[PDB]
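Chemist: PDB, C-alpha atoms (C1' of nucleotides), file my_file05.pdb:
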ATOM      1  CA  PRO A 280      76.810 126.983  53.932
ATOM      2  CA  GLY A 281      77.551 125.290  57.328
ATOM      3  CA  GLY A 282      77.319 121.622  56.248
ATOM      4  CA  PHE A 283      79.922 120.778  58.933
ATOM      5  CA  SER A 284      77.706 122.609  61.484
ATOM      6  CA  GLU A 285      74.585 120.621  60.478
ATOM      7  CA  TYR A 286      76.260 117.311  61.402
ATOM      8  CA  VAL A 287      77.403 118.630  64.827
ATOM      9  CA  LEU A 288      73.999 120.200  65.626
ATOM     10  CA  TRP A 289      72.186 117.063  64.389
ATOM     11  CA  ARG A 290      74.540 114.822  66.425
ATOM     12  CA  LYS A 291      74.204 116.784  69.711
ATOM     13  CA  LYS A 292      70.632 118.101  69.134
ATOM     14  CA  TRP A 293      70.151 121.252  71.297
ATOM     15  CA  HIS A 294      72.754 120.285  73.935
ATOM     16  CA  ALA A 295      75.029 122.352  71.590
ATOM     17  CA  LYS A 296      75.364 126.095  70.717
ATOM     18  CA  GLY A 297      77.233 127.110  67.531
ATOM     19  CA  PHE A 298      78.801 130.457  66.522
ATOM     20  CA  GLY A 299      79.453 131.133  62.798
ATOM     21  CA  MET A 300      81.532 133.580  60.727
ATOM     22  CA  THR A 301      81.682 133.406  56.883
ATOM     23  CA  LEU A 302      81.810 135.860  53.943
ATOM     24  CA  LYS A 303      78.459 137.455  52.962
ATOM     25  CA  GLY A 304      77.317 136.374  49.456
ATOM     26  CA  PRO A 305      76.326 133.213  47.465
ATOM     27  CA  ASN A 306      78.379 131.132  49.985
ATOM     28  CA  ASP A 307      76.741 132.588  53.163
ATOM     29  CA  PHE A 308      75.160 130.246  55.804
ATOM     30  CA  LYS A 309      72.038 128.517  54.333
ATOM     31  CA  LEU A 310      70.455 128.033  57.805
ATOM     32  CA  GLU A 311      67.074 127.474  56.111
ATOM     33  CA  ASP A 312      68.534 124.281  54.503
ATOM     34  CA  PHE A 313      69.437 122.604  57.851
ATOM     35  CA  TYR A 314      66.735 119.911  57.426
ATOM     36  CA  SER A 315      68.404 117.480  59.878
ATOM     37  CA  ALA A 316      69.296 120.058  62.588
ATOM     38  CA  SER A 317      67.673 122.895  64.596
ATOM     39  CA  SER A 318      69.154 126.068  62.951
ATOM     40  CA  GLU A 319      67.917 128.121  65.984
ATOM     41  CA  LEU A 320      70.902 126.644  67.960
ATOM     42  CA  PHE A 321      73.315 128.449  65.545
ATOM     43  CA  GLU A 322      74.274 132.155  65.516
ATOM     44  CA  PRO A 323      76.029 133.748  62.495
ATOM     45  CA  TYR A 324      78.118 136.846  63.333
ATOM     46  CA  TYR A 325      79.882 138.760  60.517
ATOM     47  CA  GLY A 326      82.538 140.687  62.518
ATOM     48  CA  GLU A 327      82.328 144.477  63.035
ATOM     49  CA  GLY A 328      78.632 145.567  63.158
ATOM     50  CA  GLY A 329      77.570 141.962  64.068
ATOM     51  CA  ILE A 330      74.747 140.872  61.688
ATOM     52  CA  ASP A 331      75.511 143.767  59.241
ATOM     53  CA  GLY A 332      79.277 142.954  58.877
ATOM     54  CA  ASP A 333      81.003 141.455  55.772
ATOM     55  CA  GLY A 334      82.335 138.282  57.535
ATOM     56  CA  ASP A 335      85.876 138.763  56.111
ATOM     57  CA  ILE A 336      87.998 136.364  58.256
ATOM     58  CA  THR A 337      91.199 137.946  56.797
ATOM     59  CA  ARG A 338      90.012 141.401  58.019
ATOM     60  CA  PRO A 339      91.129 141.895  61.688
ATOM     61  CA  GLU A 340      88.046 143.923  62.824
ATOM     62  CA  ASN A 341      85.709 141.038  61.891
ATOM     63  CA  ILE A 342      88.036 138.756  63.912
ATOM     64  CA  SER A 343      88.046 141.199  66.873
ATOM     65  CA  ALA A 344      84.276 141.804  67.096
ATOM     66  CA  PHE A 345      83.620 138.075  66.640
ATOM     67  CA  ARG A 346      86.351 137.341  69.219
ATOM     68  CA  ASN A 347      84.760 139.546  71.910
ATOM     69  CA  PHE A 348      81.301 138.188  71.025
ATOM     70  CA  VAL A 349      82.387 134.510  71.199
ATOM     71  CA  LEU A 350      84.193 134.917  74.558
ATOM     72  CA  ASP A 351      81.125 136.702  76.009
ATOM     73  CA  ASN A 352      78.769 133.920  74.776
ATOM     74  CA  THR A 353      80.982 131.249  76.489
ATOM     75  CA  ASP A 354      81.321 132.526  80.109
ATOM     76  CA  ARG A 355      84.678 134.143  78.992
ATOM     77  CA  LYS A 356      86.178 130.601  78.466
ATOM     78  CA  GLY A 357      85.886 130.241  74.645
ATOM     79  CA  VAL A 358      84.471 127.304  72.574
ATOM     80  CA  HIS A 359      85.261 123.597  73.222
ATOM     81  CA  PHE A 360      86.347 123.372  69.573
ATOM     82  CA  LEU A 361      86.699 125.425  66.381
ATOM     83  CA  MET A 362      86.056 124.053  62.879
ATOM     84  CA  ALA A 363      87.437 125.918  59.844
ATOM     85  CA  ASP A 364      86.656 124.939  56.177
ATOM     86  CA  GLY A 365      88.029 128.042  54.373
ATOM     87  CA  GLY A 366      88.720 127.969  50.622
ATOM     88  CA  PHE A 367      87.938 129.925  47.422
ATOM     89  CA  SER A 368      88.057 129.348  43.637
ATOM     90  CA  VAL A 369      91.565 129.149  42.114
ATOM     91  CA  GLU A 370      90.252 128.103  38.649
ATOM     92  CA  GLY A 371      93.221 128.011  36.181
ATOM     93  CA  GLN A 372      95.779 128.540  39.055
ATOM     94  CA  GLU A 373      95.230 125.234  40.997
ATOM     95  CA  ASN A 374      99.019 124.715  41.481
ATOM     96  CA  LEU A 375      99.200 128.115  43.355
ATOM     97  CA  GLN A 376      96.300 127.280  45.782
ATOM     98  CA  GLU A 377      98.609 127.188  48.876
ATOM     99  CA  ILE A 378     100.278 130.587  48.119
ATOM    100  CA  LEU A 379      96.917 132.231  47.204
ATOM    101  CA  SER A 380      95.182 130.919  50.404
ATOM    102  CA  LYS A 381      98.138 131.661  52.816
ATOM    103  CA  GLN A 382      96.439 134.650  54.572
ATOM    104  CA  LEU A 383      93.167 132.654  54.989
ATOM    105  CA  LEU A 384      95.164 129.747  56.543
ATOM    106  CA  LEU A 385      96.899 132.191  58.968
ATOM    107  CA  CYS A 386      93.590 133.899  59.937
ATOM    108  CA  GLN A 387      91.886 130.520  60.680
ATOM    109  CA  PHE A 388      94.876 129.461  62.903
ATOM    110  CA  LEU A 389      94.878 132.907  64.628
ATOM    111  CA  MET A 390      91.105 132.437  65.183
ATOM    112  CA  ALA A 391      91.772 129.071  66.945
ATOM    113  CA  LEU A 392      94.249 130.730  69.388
ATOM    114  CA  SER A 393      91.699 133.607  69.816
ATOM    115  CA  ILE A 394      88.493 131.675  70.799
ATOM    116  CA  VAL A 395      89.294 127.988  71.628
ATOM    117  CA  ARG A 396      89.384 127.298  75.409
ATOM    118  CA  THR A 397      92.333 125.705  77.278
ATOM    119  CA  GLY A 398      92.120 121.906  76.655
ATOM    120  CA  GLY A 399      89.884 122.667  73.596
ATOM    121  CA  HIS A 400      90.355 121.344  70.031
ATOM    122  CA  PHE A 401      90.807 122.739  66.484
ATOM    123  CA  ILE A 402      90.276 121.402  62.952
ATOM    124  CA  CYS A 403      91.199 123.366  59.808
ATOM    125  CA  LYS A 404      91.138 122.594  56.082
ATOM    126  CA  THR A 405      94.427 123.180  54.293
ATOM    127  CA  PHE A 406      95.776 122.288  50.824
ATOM    128  CA  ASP A 407      99.432 121.689  49.960
ATOM    129  CA  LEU A 408     101.970 122.502  52.742
ATOM    130  CA  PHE A 409     105.227 122.881  50.747
ATOM    131  CA  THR A 410     105.991 126.544  51.554
ATOM    132  CA  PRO A 411     108.048 127.450  54.689
ATOM    133  CA  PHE A 412     105.203 129.942  55.451
ATOM    134  CA  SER A 413     102.569 127.144  55.722
ATOM    135  CA  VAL A 414     104.951 124.779  57.587
ATOM    136  CA  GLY A 415     105.863 127.589  60.066
ATOM    137  CA  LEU A 416     102.099 128.081  60.711
ATOM    138  CA  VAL A 417     101.764 124.290  61.431
ATOM    139  CA  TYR A 418     104.858 124.491  63.729
ATOM    140  CA  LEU A 419     103.164 127.283  65.782
ATOM    141  CA  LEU A 420     100.043 125.042  66.201
ATOM    142  CA  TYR A 421     102.336 122.124  67.246
ATOM    143  CA  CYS A 422     103.861 124.425  69.930
ATOM    144  CA  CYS A 423     100.372 125.650  71.080
ATOM    145  CA  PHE A 424      98.546 122.230  71.343
ATOM    146  CA  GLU A 425      99.213 118.944  73.264
ATOM    147  CA  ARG A 426      98.865 116.927  69.983
ATOM    148  CA  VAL A 427      98.692 117.808  66.248
ATOM    149  CA  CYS A 428      98.282 115.709  63.065
ATOM    150  CA  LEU A 429      97.866 116.136  59.288
ATOM    151  CA  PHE A 430      94.970 113.950  58.056
ATOM    152  CA  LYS A 431      93.166 113.383  54.703
ATOM    153  CA  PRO A 432      89.728 111.758  55.374
ATOM    154  CA  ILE A 433      88.378 109.310  52.692
ATOM    155  CA  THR A 434      85.449 111.790  52.324
ATOM    156  CA  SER A 435      88.053 114.209  50.846
ATOM    157  CA  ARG A 436      88.547 113.511  47.093
ATOM    158  CA  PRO A 437      91.781 111.449  46.606
ATOM    159  CA  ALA A 438      93.193 113.542  43.680
ATOM    160  CA  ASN A 439      92.950 117.007  45.408
ATOM    161  CA  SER A 440      95.452 118.657  47.803
ATOM    162  CA  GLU A 441      92.696 119.039  50.479
ATOM    163  CA  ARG A 442      93.778 117.767  53.935
ATOM    164  CA  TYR A 443      92.957 118.752  57.548
ATOM    165  CA  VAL A 444      95.242 119.896  60.358
ATOM    166  CA  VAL A 445      93.754 118.483  63.586
ATOM    167  CA  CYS A 446      94.846 119.880  66.965
ATOM    168  CA  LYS A 447      93.932 118.425  70.397
ATOM    169  CA  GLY A 448      94.344 120.116  73.808
ATOM    170  CA  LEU A 449      95.060 123.887  73.540
ATOM    171  CA  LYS A 450      97.899 124.657  76.053
ATOM    172  CA  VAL A 451      98.010 127.547  78.603
ATOM    173  CA  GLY A 452     100.141 130.634  77.700
ATOM    174  CA  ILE A 453      99.367 130.840  73.910
ATOM    175  CA  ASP A 454      98.709 134.639  74.156
ATOM    176  CA  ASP A 455     102.084 135.766  72.671
ATOM    177  CA  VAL A 456     101.660 133.432  69.609
ATOM    178  CA  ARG A 457      98.076 134.761  69.109
ATOM    179  CA  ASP A 458      99.246 138.403  69.312
ATOM    180  CA  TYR A 459     102.237 137.651  66.986
ATOM    181  CA  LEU A 460      99.909 136.059  64.345
ATOM    182  CA  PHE A 461      97.556 139.090  64.734
ATOM    183  CA  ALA A 462     100.526 141.408  63.916
ATOM    184  CA  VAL A 463     101.513 139.159  60.916
ATOM    185  CA  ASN A 464      97.907 139.438  59.576
ATOM    186  CA  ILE A 465      98.091 143.281  59.896
ATOM    187  CA  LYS A 466     101.417 143.107  57.952
ATOM    188  CA  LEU A 467      99.883 140.880  55.200
ATOM    189  CA  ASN A 468      96.992 143.407  54.886
ATOM    190  CA  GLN A 469      99.543 146.299  54.524
ATOM    191  CA  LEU A 470     101.447 144.309  51.807
ATOM    192  CA  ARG A 471      98.256 143.548  49.736
ATOM    193  CA  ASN A 472      98.762 144.565  46.065
ATOM    194  CA  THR A 473     102.548 145.167  46.623
ATOM    195  CA  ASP A 474     105.597 143.308  45.209
ATOM    196  CA  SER A 475     106.457 142.348  48.850
ATOM    197  CA  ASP A 476     104.929 139.595  51.061
ATOM    198  CA  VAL A 477     105.462 137.804  54.427
ATOM    199  CA  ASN A 478     107.495 134.733  53.342
ATOM    200  CA  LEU A 479     108.353 133.278  56.820
ATOM    201  CA  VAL A 480     106.486 133.203  60.173
ATOM    202  CA  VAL A 481     109.061 130.859  61.829
ATOM    203  CA  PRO A 482     112.769 130.733  60.701
ATOM    204  CA  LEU A 483     113.755 127.613  58.660
ATOM    205  CA  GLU A 484     116.602 126.913  61.147
ATOM    206  CA  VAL A 485     114.044 126.751  64.043
ATOM    207  CA  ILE A 486     111.694 124.400  62.102
ATOM    208  CA  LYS A 487     114.605 122.153  60.889
ATOM    209  CA  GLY A 488     116.096 122.259  64.433
ATOM    210  CA  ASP A 489     113.055 120.155  65.460
ATOM    211  CA  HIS A 490     114.059 116.987  63.574
ATOM    212  CA  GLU A 491     110.992 115.067  64.938
ATOM    213  CA  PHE A 492     108.582 117.721  63.569
ATOM    214  CA  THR A 493     110.553 117.938  60.262
ATOM    215  CA  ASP A 494     110.630 114.114  59.712
ATOM    216  CA  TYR A 495     106.821 113.982  60.171
ATOM    217  CA  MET A 496     106.247 117.047  57.906
ATOM    218  CA  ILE A 497     108.332 115.629  54.978
ATOM    219  CA  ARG A 498     106.770 112.120  55.345
ATOM    220  CA  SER A 499     103.228 113.628  55.450
ATOM    221  CA  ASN A 500     103.859 115.696  52.275
ATOM    222  CA  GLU A 501     105.584 112.874  50.296
ATOM    223  CA  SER A 502     102.930 110.268  51.283
ATOM    224  CA  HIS A 503     100.180 112.727  50.206
ATOM    225  CA  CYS A 504     101.988 113.507  46.886
ATOM    226  CA  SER A 505     102.437 109.751  46.157
ATOM    227  CA  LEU A 506      98.703 109.029  46.767
ATOM    228  CA  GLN A 507      97.621 112.187  44.847
ATOM    229  CA  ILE A 508      99.857 111.240  41.824
ATOM    230  CA  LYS A 509      98.279 107.703  41.727
ATOM    231  CA  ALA A 510      94.763 109.248  42.057
ATOM    232  CA  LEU A 511      95.434 111.846  39.261
ATOM    233  CA  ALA A 512      96.824 109.096  36.941
ATOM    234  CA  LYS A 513      93.715 106.970  37.791
ATOM    235  CA  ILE A 514      91.364 109.858  36.785
ATOM    236  CA  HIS A 515      93.363 110.337  33.517
ATOM    237  CA  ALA A 516      92.999 106.585  32.722
ATOM    238  CA  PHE A 517      89.207 106.829  33.511
ATOM    239  CA  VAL A 518      88.982 109.780  31.002
ATOM    240  CA  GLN A 519      90.801 107.759  28.292
ATOM    241  CA  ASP A 520      88.770 104.544  28.983
ATOM    242  CA  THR A 521      85.101 105.205  29.820
ATOM    243  CA  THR A 522      84.432 101.486  30.634
ATOM    244  CA  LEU A 523      86.526 101.724  33.859
ATOM    245  CA  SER A 524      84.498 101.801  37.124
ATOM    246  CA  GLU A 525      84.952 101.336  40.893
ATOM    247  CA  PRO A 526      82.727  98.238  41.559
ATOM    248  CA  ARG A 527      82.837  98.548  45.418
ATOM    249  CA  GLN A 528      81.483 102.172  45.799
ATOM    250  CA  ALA A 529      78.055 100.962  47.101
ATOM    251  CA  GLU A 530      79.635  98.423  49.553
ATOM    252  CA  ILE A 531      82.200 100.965  50.901
ATOM    253  CA  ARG A 532      79.404 103.584  51.307
ATOM    254  CA  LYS A 533      77.262 101.163  53.393
ATOM    255  CA  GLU A 534      80.248 100.239  55.608
ATOM    256  CA  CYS A 535      81.343 103.906  56.155
ATOM    257  CA  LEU A 536      77.759 104.927  57.168
ATOM    258  CA  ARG A 537      77.531 101.896  59.545
ATOM    259  CA  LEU A 538      80.992 102.618  61.072
ATOM    260  CA  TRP A 539      80.425 106.386  61.612
ATOM    261  CA  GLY A 540      76.888 105.796  63.047
ATOM    262  CA  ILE A 541      75.114 107.704  60.207
ATOM    263  CA  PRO A 542      71.587 106.452  59.247
ATOM    264  CA  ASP A 543      71.129 105.555  55.541
ATOM    265  CA  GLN A 544      68.197 107.896  54.718
ATOM    266  CA  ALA A 545      67.425 110.520  52.043
ATOM    267  CA  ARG A 546      67.463 114.322  52.605
ATOM    268  CA  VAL A 547      63.746 115.123  53.195
ATOM    269  CA  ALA A 548      62.418 118.645  53.824
ATOM    270  CA  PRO A 549      60.668 118.482  57.271
ATOM    271  CA  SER A 550      58.068 117.306  56.835
ATOM    272  CA  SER A 551      55.557 120.081  57.561
ATOM    273  CA  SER A 552      53.592 118.889  60.607
ATOM    274  CA  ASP A 553      50.662 120.958  61.875
ATOM    275  CA  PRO A 554      51.172 122.202  65.504
ATOM    276  CA  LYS A 555      48.301 119.990  66.873
ATOM    277  CA  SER A 556      49.612 116.699  65.378
ATOM    278  CA  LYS A 557      53.165 117.652  66.461
TER     279      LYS A 557
ATOM    280  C1'   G B   1      93.365 120.345  40.689
ATOM    281  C1'   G B   2      44.247 121.062  27.022
ATOM    282  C1'   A B   3      38.115 120.947  25.128
ATOM    283  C1'   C B   4      32.098 119.589  24.984
ATOM    284  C1'   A B   5      31.972 127.291  20.746
ATOM    285  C1'   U B   6      26.238 122.022  25.215
ATOM    286  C1'   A B   7      27.912 131.012  23.090
ATOM    287  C1'   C B   8      21.551 126.172  19.372
ATOM    288  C1'   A B   9      24.244 131.859  15.881
ATOM    289  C1'   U B  10      24.062 133.036  11.217
ATOM    290  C1'   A B  11      18.984 134.817  11.828
ATOM    291  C1'   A B  12      21.190 139.940   6.291
ATOM    292  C1'   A B  13      18.095 144.162   7.997
ATOM    293  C1'   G B  14      15.313 146.420   4.648
ATOM    294  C1'   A B  15      11.647 146.086   1.395
ATOM    295  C1'   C B  16       7.712 144.914  -1.575
ATOM    296  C1'   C B  17       4.234 140.851  -2.918
ATOM    297  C1'   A B  18       0.878 136.919  -2.004
ATOM    298  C1'   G B  19      -2.533 134.457   1.490
ATOM    299  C1'   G B  20      -4.902 133.374   6.344
ATOM    300  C1'   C B  21      -8.792 134.791  10.598
TER     301        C B  21
END
Transcribe the structure of this file into structure tokens.

Modeler:
Amino acid sequence: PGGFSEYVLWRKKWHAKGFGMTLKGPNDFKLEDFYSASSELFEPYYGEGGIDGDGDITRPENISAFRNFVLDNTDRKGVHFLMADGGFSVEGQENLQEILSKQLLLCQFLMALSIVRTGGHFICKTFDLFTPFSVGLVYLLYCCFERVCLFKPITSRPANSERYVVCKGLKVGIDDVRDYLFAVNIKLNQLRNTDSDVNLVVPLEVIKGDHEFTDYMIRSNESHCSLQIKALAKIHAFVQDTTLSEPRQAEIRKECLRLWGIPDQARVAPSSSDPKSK
RNA sequence: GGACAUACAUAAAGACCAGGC
């Protein structure tokens, strides 16, 4: 429901304009619930048919209609940055979350190359990144941007595979990689419910030929696994012994809010002012 | 991965009988 958007709109007030696309349903944009931000500065668009579309990011037509709409609403330049927080329930298949979400990862990366301006930025949620498919998608972003990193914020839960790819400075000439990833998404859609799938988007010999990329990718995965293993074992110990507690949670909270410049206040429904007093 | 039924209301009706001015 656009929690990420609320912070950006609240931080920049009206000096910002947001464009949204998400699946219609229980997890649609709750623009009414933006208590800290002016929801009028945001515009949801659900692909083909605009407001009446389904918002399927994996579907190409939703991407295309949104793509034309976003470029038009940005003087044909695109957005300064894209945020992407895609995920769905994998209840009882948590170990397969990467493989199950692979097309959603691709479509969010394709969306970055479709609507981010030159010199613009991208941030996308991902999970595990073990498969050559997911690593080849990160390699294409590393080619297309001045700088890329894999980052797990402390606001992500330590025991889950959730991390963010963060890309800074979209290069010129990314059109071929965009149109390639658009063709790969069409191929994934054709292979839905078949015994075949797209297993590579960059050859393993190309990825492993960049030793500097490969040495970062391995080290990022193994460091994340090591921290996730400790955090999973910690949760298991805190199930077995219910007297265990983190004593510093209230201290760490106060310091994080101070550091990030976030006021320590409760969520209050605006207040209803009358138009004369306001 | 909350109420004073402040509903004063039991008044059968109907009948005959007795008395009052």

Chemist: Skip residue 541 of chain A itself and residues of its chain fewer than 2 positions away, then list as JSON, numbers by chain all residues within 12 Å of it, counting all atoms listed in the file.

Modeler: {"A": [286, 289, 290, 315, 532, 533, 534, 535, 536, 537, 538, 539, 543, 544, 545]}

Chemist: Could you tell me which residues the PyMOL selection byres ((chain A and resi 384-394) around 9) returns for this structure, as a ChimeraX atom specification?

Modeler: /A:336-339,342-343,346-347,349-350,356-358,360-366,377,380-383,395-396,400-405,413,416-417,420,423,449,453-454,456-458,460-461,463-464

Chemist: Which residue out of B:1, B:6, B:21, B:13 has the minimum interatomic distance to chain A when only C-alpha atoms (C1' of nucleotides) are used?

Modeler: B:1

Chemist: Going by the chain IDs and residue numbers used in this file, which residues fall under the PyMOL selection byres ((chain A) within 10 of (chain B))? Write them as a list in words.

Modeler: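 That selection, the PyMOL selection byres ((chain A) within 10 of (chain B)), comes back as residues 369, 370, 371, 372, 373, 374, 376, 438, 439, 440, 441 and 511 of chain A.
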
Chemist: Kindly export the residues of the current selection with C-alpha atoms, as a compact mmCIF listing (two decimals), in the frame of the given file.

Modeler:
# COMPACT_ATOMS: atom_id res chain seq x y z
CA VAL A 369 91.56 129.15 42.11
CA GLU A 370 90.25 128.10 38.65
CA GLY A 371 93.22 128.01 36.18
CA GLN A 372 95.78 128.54 39.06
CA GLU A 373 95.23 125.23 41.00
CA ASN A 374 99.02 124.72 41.48
CA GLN A 376 96.30 127.28 45.78
CA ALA A 438 93.19 113.54 43.68
CA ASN A 439 92.95 117.01 45.41
CA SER A 440 95.45 118.66 47.80
CA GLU A 441 92.70 119.04 50.48
CA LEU A 511 95.43 111.85 39.26

Chemist: I'd like the interatomic distance between atom CA of residue 379 of chain A and atom CA of residue 335 of chain A, to a tenth of an Å.

Modeler: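 Rounded to one decimal, the two atoms are 15.6 Å apart.
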
Chemist: Rounded to one decimal place, report the atom CA of residue 421 of chain A-atom CA of residue 496 of chain A distance in Å.

Modeler: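 Calculated distance between atom CA of residue 421 of chain A and atom CA of residue 496 of chain A is 11.3 Å.
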
Chemist: Distance atom CA of residue 482 of chain A-atom CA of residue 459 of chain A, one decimal place?

Modeler: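 Distance between the two atoms: 14.1 Å.
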
Chemist: Between A:281, A:329, A:399, A:334, which one has atoms that come closest to residue 316 of chain A, using all atoms listed in the file?

Modeler: A:281

Chemist: Which is closer to residue 477 of chain A than all the others in A:285, A:378, A:531, A:291, using only C-alpha atoms?

Modeler: A:378

Chemist: May I ask which of the residues A:450, A:487, A:292, A:303 is the closest one to residue 319 of chain A, counting only C-alpha atoms?

Modeler: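 That would be A:292, the residue with the smallest distance to residue 319 of chain A.
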